[PDB]
Amino acid sequence: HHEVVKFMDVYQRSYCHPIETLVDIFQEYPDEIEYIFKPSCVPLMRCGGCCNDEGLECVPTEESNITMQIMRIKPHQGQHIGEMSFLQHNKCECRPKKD
Amino acid sequence: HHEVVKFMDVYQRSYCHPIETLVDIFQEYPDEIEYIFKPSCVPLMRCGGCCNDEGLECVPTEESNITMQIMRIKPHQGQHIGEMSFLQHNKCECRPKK
Amino acid sequence: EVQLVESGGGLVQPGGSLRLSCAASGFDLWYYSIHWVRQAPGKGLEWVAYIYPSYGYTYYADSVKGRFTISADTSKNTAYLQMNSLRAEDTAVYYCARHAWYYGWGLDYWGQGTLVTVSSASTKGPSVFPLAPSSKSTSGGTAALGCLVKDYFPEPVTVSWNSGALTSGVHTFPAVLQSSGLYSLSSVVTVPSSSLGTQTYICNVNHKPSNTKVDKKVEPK
Amino acid sequence: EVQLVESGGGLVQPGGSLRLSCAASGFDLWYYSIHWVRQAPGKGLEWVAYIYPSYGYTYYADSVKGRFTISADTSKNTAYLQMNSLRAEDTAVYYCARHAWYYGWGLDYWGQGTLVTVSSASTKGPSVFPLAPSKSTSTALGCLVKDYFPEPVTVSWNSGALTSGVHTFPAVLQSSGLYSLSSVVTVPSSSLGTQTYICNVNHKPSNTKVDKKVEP
Amino acid sequence: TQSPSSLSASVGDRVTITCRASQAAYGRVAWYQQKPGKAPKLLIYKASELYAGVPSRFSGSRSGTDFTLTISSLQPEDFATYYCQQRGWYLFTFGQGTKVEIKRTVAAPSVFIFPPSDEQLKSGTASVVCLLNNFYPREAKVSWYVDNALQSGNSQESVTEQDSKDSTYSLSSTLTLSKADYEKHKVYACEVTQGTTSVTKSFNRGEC
Amino acid sequence: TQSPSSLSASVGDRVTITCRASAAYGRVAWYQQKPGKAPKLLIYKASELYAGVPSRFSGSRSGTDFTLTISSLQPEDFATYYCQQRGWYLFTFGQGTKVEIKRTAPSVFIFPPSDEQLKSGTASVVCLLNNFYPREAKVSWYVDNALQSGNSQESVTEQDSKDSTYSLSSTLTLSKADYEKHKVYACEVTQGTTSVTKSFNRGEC
Ligand SMILES: *[C@@H]1O[C@H](CO)[C@@H](O[C@@H]2O[C@H](CO)[C@@H](O[C@@H]3O[C@H](CO)[C@@H](O)[C@H](O)[C@@H]3O)[C@H](O)[C@H]2NC(C)=O)[C@H](O)[C@H]1NC(C)=O
Ligand SMILES: *[C@@H]1O[C@H](CO)[C@@H](O[C@@H]2O[C@H](CO)[C@@H](O)[C@H](O)[C@H]2NC(C)=O)[C@H](O)[C@H]1NC(C)=O
């Protein structure tokens, strides 16, 4: 009644690669404070994953932008659905730890 | 070329739901420090997404365990691949805070 | 732009199978939810099942567990409800719906209704007799004429008038399961008496279950 | 365990089309990488293209860009390289391979090799003549596969059994324009008729199968 | 459960149905509107939020385990049966259903009679029809009289739903028999006892 | 680029191929191309070694110059070796290195045209040279001791994994008209040591 994942798959799926990552818009647009956003977060393919080597780190290499429809709701005064843009990671990579 | 996500689509794809999250194995089993694990992280269905109201938060409701293979690198000669278990979130929900 | 379109309705003897189909337009099914709710003749609603494609969720109702199976093909943007050991009580009209989170725990844009009948009785093509607008049936400026669709099985039957154009004041009455076991209905339309036979009057009956097409002319008696 | 299987190879006239198929075993394409690497006649390898299913990556080399398209059908565990404007240079053996991250940037389990010939000539079936074993009376026989097109032709001996001491020669471009090769096997004279002597030739491009017996 | 099981108000009257959620399922209740033999449309989500397009007269509130749907100005368009859905992962709990009829200033029916067609008579069966249009209320004991003879076990009745405009019904009773009993009798009467109105319309097989 | 172009050592002789990287963060591979077969990889991430690959195989990195090392060269490792420079959006294969091996009897044969081929309309005589080394062996044909060229088609096998010897096949193709007009068909091989020849008689069988 139980399931196992083979090691080849574990290494493969948890590697450095763009993953759909849910990101709260607050983290991305911190200056529009006097505006609550509905939904509060957006799905963005961001970087992530093990490089399995100290020298290297999961860094983005190809980046682009997706504009999505978001309800900018002023807290109690009025709302409007505006096209706020966000950054996404097309491609990531494992590159040395510059230091 | 340009791309847009419809509001209903944004809401649904970012609504509270189990999403693949890469988690370092230390965070779950912080045992055996002098022991390398390859890969360092595992992909886990963890909760995440907007609950779209401050009062409530995206919390798990159905949880169980998945055993996955991790290459245990011994301090010196040894490369045994062991069946480390981890917890995963089958189902999430939007429930009040505390 | 969002639409759900259903098909697959018909008749099945107790013990048989049938797959219902719910295709979607203007919105991807993958990141959403398709539910099936069955309405028995004259009875309340009954949630049959659901599928949550991008979530991997397939939970079914207790009455249909094992007998029925929900599924979805992302490319055709279409869910399917394969019912396999249909018993009599399962007879109902089946609706499909979307469950979006912006509208919470709730079913927005619904289907039309696809009818499934579980009986061992046999399909009978209909017979259509006119209901002539007799001068006695003429209520002054208001005249009454209609069509009588008799001895057909199973449901449904569609009755338009004059290829859809004549709609004002038409009263297609519900069907009755005559004690014989065949369905029967009667559609009427209050038409101007002045129109008499000057305006043509043809009722278009269709019995898609039996693939029968009958367009009968109503003329003064 | 992990296996890659190729198909779609054959002959196509200049300008024509053909789809290669690469099915995968013990291993999902979705979480991995499939490449097409073509090895031109007598030349080195050439990365044709790749597809990375779970990433949405379809990068092709510039020579085939636009002409070719890589793709994958998840249900059948299969990659496809649909070639649409096959030109002469496209002639090659096309390999499909897996790129797993555990081995870094690299092609682990490889394909088998499927041959694609871009020629407007027509397929020609082969002929097999025996090479009967006094000169061989000094340990002794072979087969001659003549007048076939296009490559390849496989010539086993005794349904796979006869393998020790087999020296299947490469093909020759006969002045006519047809290929020709010679499969030989050094067999002892003392053996005489104790075993059997039959070469099994197969020309799947022409769908020919010839199991000819070689005797003096 | 739903409550009330069934109800009839008049035009303008505010009306509120209440739904029980003894399983405290976090106010996931919703309300749906089922018009005559059509597709259930949704009206209220999150037990108080309102779908786009749904009229402002629709609204919901929750008294703990008692969710209510409120219609401010009952207008004739809002004639339907309403259901409440408790929802919940692994939970639906559809409501009993509440039929919403509307009072329409009691009116006399516009009775008609249709004899069996010569083709129907030719089929070996005769059907006499009686039409009752634009009448209220719906409870109208229709009676058939063949040469002033009350008819039993041969009358099949069928009624429409309150028309969106007049909010009155339409009834159709069918006297069915064989072609023999149609050519053997002359007077075919159809009376409708509707409250204080005993309307009747008839024909003479001869008149045909 | 790759280096050496070709090399002949013996068993045990340490042998090292070198690959240039005009670099991409030391993401390199090494592959072994057996005679007309599937390239199998030997080295990934420019130093790691594939499963099964012999301990005698090794890799190294001189900044931008990556090398493949075989310590005790064993006969099985006859192939063409390639290096994969890789690149996320710029994958590029290495030049390739032929792995030749100098060896420590020629055993020549001849087979006449089959009567079927003869009857077909053209006659083909074949001459076999098995388990021989090295190359550059211009084959000579003599129809009634008359030098024959441009009617000889040669083909050579690949270095056998064990003995590291070759195999050759020369074909005299002609019309049955110019055939059957002669009895002696001799086939010579250019060997500065002993330039051996083999023949047959049509009248005999
Ligand atoms: C996606 O959008 C990101 C937003 O983070 C872009 O990066 C930033 O884009 C803005 C354009 O709105 C750049 O504008 C800057 O404006 C100031 C105004 O004073 C000016 O001083 C600068 O010279 C510049 O014009 C900004 O530099 C840029 N970078 C930052 C903020 O670090 C970017 O265009 C997109 N990224 C993609 C497509 O990957
Ligand atoms: C997942 O794995 C853990 C660790 O193996 C298991 O938890 C065991 O059982 C109880 C849980 O309350 C505790 O005593 C420890 O966490 C574990 N004990 C032993 C002896 O293993 C269990 O299989 C899962 N735990 C979860 C889902 O919480």
# chains A, B, ... in the order shown; residues from 1 in each chain; ligands from 1
>>> select_by_dssp(residues="stretch 96-207 of chain E", states="helix (DSSP H, G or I)", output="PyMOL selection string")
chain E and resi 118-122+179-183
>>> write_last_selection(atoms="N, CA, C and O atoms", output="CSV table (one decimal), in the first residue's frame")
chain,number,residue,atom,x,y,z
E,118,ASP,N,-58.6,13.1,-37.8
E,118,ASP,CA,-59.0,12.0,-38.7
E,118,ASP,C,-57.9,11.0,-38.9
E,118,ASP,O,-58.2,9.8,-39.1
E,119,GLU,N,-56.7,11.4,-38.9
E,119,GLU,CA,-55.5,10.5,-39.0
E,119,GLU,C,-55.4,9.7,-37.7
E,119,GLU,O,-55.1,8.5,-37.8
E,120,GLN,N,-55.6,10.3,-36.6
E,120,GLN,CA,-55.5,9.6,-35.3
E,120,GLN,C,-56.6,8.6,-35.2
E,120,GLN,O,-56.4,7.4,-34.9
E,121,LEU,N,-57.8,9.0,-35.6
E,121,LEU,CA,-58.9,8.1,-35.7
E,121,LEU,C,-58.6,6.9,-36.6
E,121,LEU,O,-58.9,5.8,-36.4
E,122,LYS,N,-57.9,7.3,-37.7
E,122,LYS,CA,-57.5,6.3,-38.7
E,122,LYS,C,-56.5,5.3,-38.1
E,122,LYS,O,-56.4,4.1,-38.5
E,179,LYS,N,-61.1,4.7,-31.4
E,179,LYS,CA,-61.9,5.4,-32.4
E,179,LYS,C,-63.3,4.9,-32.4
E,179,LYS,O,-64.2,5.7,-32.7
E,180,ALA,N,-63.6,3.7,-31.9
E,180,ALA,CA,-65.0,3.3,-31.8
E,180,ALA,C,-65.8,4.1,-30.8
E,180,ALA,O,-66.9,4.7,-31.2
E,181,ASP,N,-65.3,4.3,-29.6
E,181,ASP,CA,-66.0,5.1,-28.6
E,181,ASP,C,-66.1,6.6,-29.0
E,181,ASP,O,-66.8,7.3,-28.3
E,182,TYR,N,-65.3,7.0,-29.9
E,182,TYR,CA,-65.4,8.4,-30.4
E,182,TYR,C,-66.5,8.5,-31.4
E,182,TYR,O,-67.3,9.4,-31.4
E,183,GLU,N,-66.7,7.5,-32.4
E,183,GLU,CA,-67.8,7.6,-33.3
E,183,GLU,C,-69.1,7.1,-32.7
E,183,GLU,O,-70.1,7.3,-33.3
>>> residues_near_ligand(ligand="ligand 2", cutoff="10 Å", atoms="only C-alpha atoms and all ligand atoms", output="NGL selection string")
:B and (28-29 or 63-67 or 84-89)
>>> write_last_selection(atoms="N, CA, C and O atoms", output="compact mmCIF listing (two decimals), in the first residue's frame")
# COMPACT_ATOMS: atom_id res chain seq x y z
N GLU B 28 14.17 17.87 7.30
CA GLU B 28 13.23 16.88 7.81
C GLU B 28 13.90 15.92 8.80
O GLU B 28 13.36 15.66 9.88
N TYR B 29 15.07 15.40 8.44
CA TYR B 29 15.81 14.44 9.27
C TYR B 29 17.15 15.07 9.64
O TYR B 29 18.18 14.76 9.02
N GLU B 63 -2.14 14.06 5.17
CA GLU B 63 -0.70 13.86 5.10
C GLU B 63 -0.35 12.38 5.21
O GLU B 63 -1.06 11.61 5.85
N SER B 64 0.72 11.98 4.52
CA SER B 64 1.23 10.61 4.68
C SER B 64 2.73 10.62 4.35
O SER B 64 3.33 11.68 4.16
N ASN B 65 3.34 9.44 4.29
CA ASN B 65 4.78 9.33 4.15
C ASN B 65 5.17 8.69 2.82
O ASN B 65 4.53 7.74 2.37
N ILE B 66 6.23 9.22 2.23
CA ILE B 66 6.83 8.70 1.00
C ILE B 66 8.28 8.35 1.30
O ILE B 66 9.03 9.17 1.84
N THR B 67 8.66 7.11 1.01
CA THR B 67 10.06 6.71 1.12
C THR B 67 10.73 6.87 -0.24
O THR B 67 10.20 6.40 -1.25
N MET B 84 15.48 6.73 2.57
CA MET B 84 15.08 7.74 3.54
C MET B 84 13.62 8.10 3.32
O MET B 84 13.20 8.33 2.18
N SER B 85 12.84 8.17 4.40
CA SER B 85 11.44 8.55 4.29
C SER B 85 11.27 10.04 4.56
O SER B 85 12.09 10.67 5.22
N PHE B 86 10.19 10.59 4.01
CA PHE B 86 9.84 11.99 4.21
C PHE B 86 8.32 12.09 4.26
O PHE B 86 7.60 11.20 3.80
N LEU B 87 7.84 13.18 4.84
CA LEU B 87 6.41 13.44 4.94
C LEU B 87 5.96 14.26 3.74
O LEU B 87 6.69 15.14 3.28
N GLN B 88 4.76 13.99 3.23
CA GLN B 88 4.21 14.83 2.18
C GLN B 88 2.76 15.16 2.49
O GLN B 88 2.05 14.43 3.21
N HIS B 89 2.33 16.27 1.89
CA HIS B 89 1.01 16.86 2.07
C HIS B 89 0.14 16.48 0.88
O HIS B 89 0.26 17.05 -0.21
>>> interface_residues(of="chain E", to="chain C", cutoff="6 Å", atoms="only C-alpha atoms", output="PyMOL selection string")
chain E and resi 39+112+120+160
>>> interface_residues(of="chain F", to="chain D", cutoff="8 Å", atoms="only C-alpha atoms", output="PyMOL selection string")
chain F and resi 27-29+37-41+44-45+84+86-87+89+91-93+95-96+109-112+114+116-117+153-157+167-169
>>> interface_residues(of="chain D", to="chain A", cutoff="7 Å", atoms="only C-alpha atoms", output="ChimeraX atom specification")
/D:31,100-102
>>> residues_near_ligand(ligand="ligand 1", cutoff="6 Å", atoms="only C-alpha atoms and all ligand atoms", output="PyMOL selection string")
chain A and resi 63-65+87
>>> residues_around(residues="residue F:6", least_positions_apart="4", cutoff="9 Å", atoms="only C-alpha atoms", output="number ranges by chain")
F: 97-100
>>> write_last_selection(atoms="N, CA, C and O atoms", output="PDB file, in the first residue's frame")
ATOM      1  N   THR F  97      39.278  10.615 -31.652  1.00  0.00           N
ATOM      2  CA  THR F  97      40.643  10.100 -31.637  1.00  0.00           C
ATOM      3  C   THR F  97      40.630   8.618 -31.975  1.00  0.00           C
ATOM      4  O   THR F  97      40.078   7.812 -31.219  1.00  0.00           O
ATOM      5  N   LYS F  98      41.253   8.260 -33.091  1.00  0.00           N
ATOM      6  CA  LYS F  98      41.357   6.858 -33.468  1.00  0.00           C
ATOM      7  C   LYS F  98      42.327   6.136 -32.544  1.00  0.00           C
ATOM      8  O   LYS F  98      43.466   6.576 -32.353  1.00  0.00           O
ATOM      9  N   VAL F  99      41.889   5.009 -31.993  1.00  0.00           N
ATOM     10  CA  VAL F  99      42.705   4.221 -31.074  1.00  0.00           C
ATOM     11  C   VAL F  99      43.239   3.054 -31.895  1.00  0.00           C
ATOM     12  O   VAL F  99      42.618   1.996 -32.002  1.00  0.00           O
ATOM     13  N   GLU F 100      44.416   3.258 -32.475  1.00  0.00           N
ATOM     14  CA  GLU F 100      45.123   2.223 -33.210  1.00  0.00           C
ATOM     15  C   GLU F 100      45.942   1.374 -32.243  1.00  0.00           C
ATOM     16  O   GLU F 100      46.240   1.783 -31.116  1.00  0.00           O
TER      17      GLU F 100
END
>>> residues_around(residues="residue A:41", least_positions_apart="6", cutoff="9 Å", atoms="only C-alpha atoms", output="PyMOL selection string")
(chain A and resi 22-26) or (chain B and resi 10-11+14-15+49-52)
>>> select_by_dssp(residues="chain A", states="strand (DSSP E or B)", output="ChimeraX atom specification")
/A:4-5,15,19-24,36-38,41-46,50,56-74,78-96
>>> residues_around(residues="residue E:170", least_positions_apart="2", cutoff="9 Å", atoms="only C-alpha atoms", output="MDAnalysis selection string")
(chainID C and resid 171 173) or (chainID E and resid 109 131:136 138 158:163 168 172)
>>> residues_around(residues="residue F:77", least_positions_apart="2", cutoff="12 Å", atoms="only C-alpha atoms", output="PDB file with N, CA, C and O atoms, in the first residue's frame")
ATOM      1  N   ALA F   9      50.349   2.347 -29.526  1.00  0.00           N
ATOM      2  CA  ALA F   9      51.116   1.802 -28.426  1.00  0.00           C
ATOM      3  C   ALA F   9      50.797   0.315 -28.333  1.00  0.00           C
ATOM      4  O   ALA F   9      50.128  -0.251 -29.206  1.00  0.00           O
ATOM      5  N   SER F  10      51.272  -0.324 -27.279  1.00  0.00           N
ATOM      6  CA  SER F  10      51.012  -1.737 -27.051  1.00  0.00           C
ATOM      7  C   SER F  10      50.269  -1.921 -25.734  1.00  0.00           C
ATOM      8  O   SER F  10      49.878  -0.957 -25.072  1.00  0.00           O
ATOM      9  N   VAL F  11      50.049  -3.183 -25.372  1.00  0.00           N
ATOM     10  CA  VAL F  11      49.307  -3.496 -24.161  1.00  0.00           C
ATOM     11  C   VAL F  11      50.097  -3.021 -22.951  1.00  0.00           C
ATOM     12  O   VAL F  11      51.306  -3.268 -22.837  1.00  0.00           O
ATOM     13  N   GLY F  12      49.420  -2.326 -22.045  1.00  0.00           N
ATOM     14  CA  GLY F  12      50.049  -1.790 -20.870  1.00  0.00           C
ATOM     15  C   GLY F  12      50.589  -0.386 -21.039  1.00  0.00           C
ATOM     16  O   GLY F  12      50.663   0.360 -20.057  1.00  0.00           O
ATOM     17  N   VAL F  15      48.442   5.569 -22.241  1.00  0.00           N
ATOM     18  CA  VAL F  15      48.064   6.315 -23.434  1.00  0.00           C
ATOM     19  C   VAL F  15      47.097   7.414 -23.020  1.00  0.00           C
ATOM     20  O   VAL F  15      46.144   7.163 -22.277  1.00  0.00           O
ATOM     21  N   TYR F  31      33.598   9.593 -24.552  1.00  0.00           N
ATOM     22  CA  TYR F  31      32.841   8.506 -25.156  1.00  0.00           C
ATOM     23  C   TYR F  31      33.761   7.591 -25.946  1.00  0.00           C
ATOM     24  O   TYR F  31      34.790   8.024 -26.476  1.00  0.00           O
ATOM     25  N   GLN F  32      33.320   6.340 -26.079  1.00  0.00           N
ATOM     26  CA  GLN F  32      34.032   5.273 -26.770  1.00  0.00           C
ATOM     27  C   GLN F  32      33.168   4.807 -27.934  1.00  0.00           C
ATOM     28  O   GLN F  32      32.055   4.315 -27.722  1.00  0.00           O
ATOM     29  N   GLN F  33      33.681   4.945 -29.151  1.00  0.00           N
ATOM     30  CA  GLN F  33      32.971   4.592 -30.373  1.00  0.00           C
ATOM     31  C   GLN F  33      33.616   3.329 -30.925  1.00  0.00           C
ATOM     32  O   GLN F  33      34.637   3.392 -31.614  1.00  0.00           O
ATOM     33  N   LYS F  34      32.989   2.189 -30.655  1.00  0.00           N
ATOM     34  CA  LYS F  34      33.435   0.943 -31.232  1.00  0.00           C
ATOM     35  C   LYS F  34      33.092   0.930 -32.719  1.00  0.00           C
ATOM     36  O   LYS F  34      32.322   1.769 -33.193  1.00  0.00           O
ATOM     37  N   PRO F  35      33.692   0.013 -33.485  1.00  0.00           N
ATOM     38  CA  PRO F  35      33.426  -0.046 -34.929  1.00  0.00           C
ATOM     39  C   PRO F  35      31.950   0.001 -35.282  1.00  0.00           C
ATOM     40  O   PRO F  35      31.211  -0.950 -35.015  1.00  0.00           O
ATOM     41  N   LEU F  42      32.164   7.130 -21.265  1.00  0.00           N
ATOM     42  CA  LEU F  42      33.119   6.655 -20.281  1.00  0.00           C
ATOM     43  C   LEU F  42      33.321   7.643 -19.152  1.00  0.00           C
ATOM     44  O   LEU F  42      33.451   7.228 -17.998  1.00  0.00           O
ATOM     45  N   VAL F  53      32.885   1.070 -16.570  1.00  0.00           N
ATOM     46  CA  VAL F  53      34.099   1.516 -17.265  1.00  0.00           C
ATOM     47  C   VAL F  53      35.326   1.086 -16.468  1.00  0.00           C
ATOM     48  O   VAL F  53      35.347   1.239 -15.229  1.00  0.00           O
ATOM     49  N   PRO F  54      36.355   0.540 -17.120  1.00  0.00           N
ATOM     50  CA  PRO F  54      37.502  -0.014 -16.392  1.00  0.00           C
ATOM     51  C   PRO F  54      38.258   1.017 -15.570  1.00  0.00           C
ATOM     52  O   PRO F  54      38.299   2.206 -15.896  1.00  0.00           O
ATOM     53  N   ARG F  56      41.274   1.349 -15.490  1.00  0.00           N
ATOM     54  CA  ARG F  56      42.350   1.865 -16.327  1.00  0.00           C
ATOM     55  C   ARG F  56      41.991   3.184 -17.003  1.00  0.00           C
ATOM     56  O   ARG F  56      42.891   3.910 -17.436  1.00  0.00           O
ATOM     57  N   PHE F  57      40.705   3.511 -17.093  1.00  0.00           N
ATOM     58  CA  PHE F  57      40.239   4.767 -17.665  1.00  0.00           C
ATOM     59  C   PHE F  57      40.193   5.854 -16.596  1.00  0.00           C
ATOM     60  O   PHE F  57      39.910   5.586 -15.425  1.00  0.00           O
ATOM     61  N   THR F  69      42.822   9.388 -19.941  1.00  0.00           N
ATOM     62  CA  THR F  69      44.001   8.624 -19.560  1.00  0.00           C
ATOM     63  C   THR F  69      43.661   7.143 -19.480  1.00  0.00           C
ATOM     64  O   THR F  69      42.695   6.766 -18.813  1.00  0.00           O
ATOM     65  N   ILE F  70      44.430   6.303 -20.166  1.00  0.00           N
ATOM     66  CA  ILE F  70      44.334   4.852 -20.033  1.00  0.00           C
ATOM     67  C   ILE F  70      45.683   4.342 -19.538  1.00  0.00           C
ATOM     68  O   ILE F  70      46.691   4.472 -20.241  1.00  0.00           O
ATOM     69  N   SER F  71      45.709   3.754 -18.340  1.00  0.00           N
ATOM     70  CA  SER F  71      46.993   3.376 -17.752  1.00  0.00           C
ATOM     71  C   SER F  71      47.530   2.077 -18.345  1.00  0.00           C
ATOM     72  O   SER F  71      48.580   2.067 -18.993  1.00  0.00           O
ATOM     73  N   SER F  72      46.818   0.970 -18.153  1.00  0.00           N
ATOM     74  CA  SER F  72      47.245  -0.302 -18.731  1.00  0.00           C
ATOM     75  C   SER F  72      46.325  -0.519 -19.924  1.00  0.00           C
ATOM     76  O   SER F  72      45.242  -1.093 -19.805  1.00  0.00           O
ATOM     77  N   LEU F  73      46.778  -0.057 -21.085  1.00  0.00           N
ATOM     78  CA  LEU F  73      46.005  -0.182 -22.312  1.00  0.00           C
ATOM     79  C   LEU F  73      45.734  -1.643 -22.615  1.00  0.00           C
ATOM     80  O   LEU F  73      46.660  -2.414 -22.869  1.00  0.00           O
ATOM     81  N   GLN F  74      44.476  -2.025 -22.566  1.00  0.00           N
ATOM     82  CA  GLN F  74      44.117  -3.392 -22.889  1.00  0.00           C
ATOM     83  C   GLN F  74      43.505  -3.450 -24.276  1.00  0.00           C
ATOM     84  O   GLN F  74      42.977  -2.452 -24.776  1.00  0.00           O
ATOM     85  N   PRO F  75      43.590  -4.602 -24.944  1.00  0.00           N
ATOM     86  CA  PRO F  75      43.174  -4.666 -26.356  1.00  0.00           C
ATOM     87  C   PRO F  75      41.713  -4.319 -26.603  1.00  0.00           C
ATOM     88  O   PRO F  75      41.380  -3.832 -27.691  1.00  0.00           O
ATOM     89  N   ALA F  79      38.910   1.786 -30.384  1.00  0.00           N
ATOM     90  CA  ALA F  79      37.713   2.555 -30.714  1.00  0.00           C
ATOM     91  C   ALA F  79      38.145   3.925 -31.223  1.00  0.00           C
ATOM     92  O   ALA F  79      39.329   4.169 -31.481  1.00  0.00           O
ATOM     93  N   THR F  80      37.170   4.805 -31.422  1.00  0.00           N
ATOM     94  CA  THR F  80      37.411   6.224 -31.618  1.00  0.00           C
ATOM     95  C   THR F  80      36.839   6.947 -30.405  1.00  0.00           C
ATOM     96  O   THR F  80      35.682   6.727 -30.043  1.00  0.00           O
ATOM     97  N   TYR F  81      37.633   7.800 -29.772  1.00  0.00           N
ATOM     98  CA  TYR F  81      37.219   8.398 -28.510  1.00  0.00           C
ATOM     99  C   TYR F  81      36.869   9.860 -28.735  1.00  0.00           C
ATOM    100  O   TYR F  81      37.619  10.590 -29.391  1.00  0.00           O
ATOM    101  N   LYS F  98      41.253   8.260 -33.091  1.00  0.00           N
ATOM    102  CA  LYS F  98      41.357   6.858 -33.468  1.00  0.00           C
ATOM    103  C   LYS F  98      42.327   6.136 -32.544  1.00  0.00           C
ATOM    104  O   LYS F  98      43.466   6.576 -32.353  1.00  0.00           O
ATOM    105  N   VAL F  99      41.889   5.009 -31.993  1.00  0.00           N
ATOM    106  CA  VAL F  99      42.705   4.221 -31.074  1.00  0.00           C
ATOM    107  C   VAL F  99      43.239   3.054 -31.895  1.00  0.00           C
ATOM    108  O   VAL F  99      42.618   1.996 -32.002  1.00  0.00           O
ATOM    109  N   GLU F 100      44.416   3.258 -32.475  1.00  0.00           N
ATOM    110  CA  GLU F 100      45.123   2.223 -33.210  1.00  0.00           C
ATOM    111  C   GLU F 100      45.942   1.374 -32.243  1.00  0.00           C
ATOM    112  O   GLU F 100      46.240   1.783 -31.116  1.00  0.00           O
ATOM    113  N   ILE F 101      46.291   0.162 -32.676  1.00  0.00           N
ATOM    114  CA  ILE F 101      47.130  -0.729 -31.823  1.00  0.00           C
ATOM    115  C   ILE F 101      48.053  -1.556 -32.720  1.00  0.00           C
ATOM    116  O   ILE F 101      47.528  -2.375 -33.498  1.00  0.00           O
ATOM    117  N   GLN F 159      39.780  -3.192 -36.301  1.00  0.00           N
ATOM    118  CA  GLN F 159      40.705  -3.891 -35.415  1.00  0.00           C
ATOM    119  C   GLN F 159      39.951  -4.835 -34.500  1.00  0.00           C
ATOM    120  O   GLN F 159      39.087  -4.411 -33.729  1.00  0.00           O
ATOM    121  N   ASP F 160      40.257  -6.122 -34.606  1.00  0.00           N
ATOM    122  CA  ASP F 160      39.608  -7.084 -33.733  1.00  0.00           C
ATOM    123  C   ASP F 160      40.013  -6.786 -32.295  1.00  0.00           C
ATOM    124  O   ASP F 160      41.159  -6.418 -32.021  1.00  0.00           O
ATOM    125  N   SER F 161      39.057  -6.931 -31.377  1.00  0.00           N
ATOM    126  CA  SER F 161      39.308  -6.559 -29.989  1.00  0.00           C
ATOM    127  C   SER F 161      40.434  -7.378 -29.368  1.00  0.00           C
ATOM    128  O   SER F 161      41.133  -6.883 -28.479  1.00  0.00           O
ATOM    129  N   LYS F 162      40.617  -8.626 -29.799  1.00  0.00           N
ATOM    130  CA  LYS F 162      41.599  -9.500 -29.164  1.00  0.00           C
ATOM    131  C   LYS F 162      42.960  -9.443 -29.854  1.00  0.00           C
ATOM    132  O   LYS F 162      43.957  -9.040 -29.246  1.00  0.00           O
ATOM    133  N   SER F 164      43.853  -7.622 -32.582  1.00  0.00           N
ATOM    134  CA  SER F 164      44.184  -6.321 -33.168  1.00  0.00           C
ATOM    135  C   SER F 164      44.704  -6.454 -34.600  1.00  0.00           C
ATOM    136  O   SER F 164      45.538  -5.662 -35.045  1.00  0.00           O
TER     137      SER F 164
END
>>> residues_around(residues="stretch 7-21 of chain D", least_positions_apart="2", cutoff="9 Å", atoms="only C-alpha atoms", output="short mmCIF file (atom, residue, chain, number, x, y, z; two decimals) with C-alpha atoms, in the first residue's frame")
data_model
loop_
_atom_site.label_atom_id
_atom_site.label_comp_id
_atom_site.auth_asym_id
_atom_site.auth_seq_id
_atom_site.Cartn_x
_atom_site.Cartn_y
_atom_site.Cartn_z
CA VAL D 5 14.72 1.86 -29.02
CA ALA D 23 10.84 4.74 -27.20
CA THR D 78 8.31 8.18 -27.02
CA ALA D 79 10.23 11.00 -28.65
CA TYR D 80 9.83 11.84 -32.31
CA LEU D 81 12.08 13.71 -34.70
CA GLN D 82 9.82 14.80 -37.56
CA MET D 83 12.02 15.68 -40.54
CA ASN D 84 10.18 17.60 -43.25
CA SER D 85 12.71 18.88 -45.82
CA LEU D 86 15.30 16.11 -45.99
CA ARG D 87 18.29 17.29 -48.01
CA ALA D 88 21.35 15.28 -49.02
CA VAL D 93 22.62 7.42 -38.64
CA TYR D 94 20.39 9.11 -36.09
CA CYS D 96 18.56 9.10 -29.52
CA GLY D 113 21.15 3.64 -34.55
CA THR D 114 18.62 4.24 -37.31
CA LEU D 115 19.82 4.92 -40.86
CA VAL D 116 18.30 7.69 -42.96
CA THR D 117 19.21 7.97 -46.65
CA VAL D 118 18.13 11.00 -48.69
CA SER D 119 18.18 9.79 -52.29
CA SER D 120 15.71 9.91 -55.16
CA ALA D 121 16.79 6.46 -56.33
CA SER D 122 14.52 3.49 -55.67
CA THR D 123 14.99 0.67 -53.18
CA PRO D 150 19.98 1.62 -49.62
CA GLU D 151 22.09 0.69 -46.60
CA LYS D 204 14.52 -4.51 -43.76
CA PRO D 205 14.85 -1.34 -45.92
#
